[PDB]
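A closer look at the structure
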Amino acid sequence: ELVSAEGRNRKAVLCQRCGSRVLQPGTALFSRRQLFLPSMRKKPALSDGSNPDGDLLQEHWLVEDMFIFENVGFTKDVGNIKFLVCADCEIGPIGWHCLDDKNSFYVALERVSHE
Ligand SMILES: [Zn+2]
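Per the deposited record, determination of this structure is attributed to solution NMR.

Looking at the PDB entry, the protein carries the name GUANINE NUCLEOTIDE EXCHANGE FACTOR, with the source organism given as Homo sapiens. In the PDB, the structure is listed with the title "SOLUTION STRUCTURE OF HUMAN MSS4, A GUANINE NUCLEOTIDE EXCHANGE FACTOR FOR RAB PROTEINS". Here is the UniProt Subunit comment for the protein, exactly as written: "Interacts with RAB8A."

Shown next as structure tokens:
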């Protein structure tokens with residue numbers, strides 16, 4: 001129940017990774033599209049934690065302009081999807097940005113804070 005009657009984030013999205021201000025409350029459309037966010041951390045780690053699968057989410061604040069964000073970054077296409085990573089903590093993939101829609105910006109709901 002985060003999207004009020006209209007399909008717009010009623011709360012403000014805050015990079016829960018750096019308590020940064022991602023999007024404002026009312027500047028992002030809703031998007032329950034099954035998206036996939038592969039932990040950009042990757043890195044070596046050696047052995048890993050047996051969990052190379054990103055997160056197949058579905059809710060996403062679909063914005064029509066990345067300029068709306070603030071200190072947000074963008075994870076180059078990791079194979080077939082341009083993910084998004086807050087520039088204050090390049091990690092994500094917190095947002096989803098496929099190449100099919102150069103204007104379909106996504107902000108993984110559960111992958112962000114909301115107050
Ligand atoms: Zn951040």
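Don't stop here, the text continues.
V22, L23, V63, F69 and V107 are the most contacted members of the largest nonpolar core, which has 16 residues in total. Counting only elements with at least two residues in this core, the list comes to β1 (13-15) and β2 (20-23). The residues touching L23, leaving out its near neighbours within four places in the chain, are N9, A12, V13, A28, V63, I68, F69 and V107.

Taking the numbering used here, the UniProt-annotated feature "domain: MSS4" corresponds to residues 1-115. Helix and strand shares over residues 1-115 are 0% and 25% respectively, and the end C-alpha atoms of the span are 13 Å apart.

Thresholds, definitions, all that
- Residues numbered from 1 in each chain as written, not as in the entry; some residues may be left out.
- Heavy atoms only, no water.
- UniProt positions renumbered as here; feature names shortened; annotations may be inferred.
- Core = buried A, V, L, I, M, F, W, Y, C linked by side-chain atoms within 4.5 Å.
- Buried < 20%, exposed > 50% of the residue type's maximum accessible area, 1.4 Å probe, protein only.
- Helix = DSSP H or I, 4+ residues; strand = E, 2+ residues; numbered from the N terminus.
- Contact = heavy atoms within 4.5 Å.

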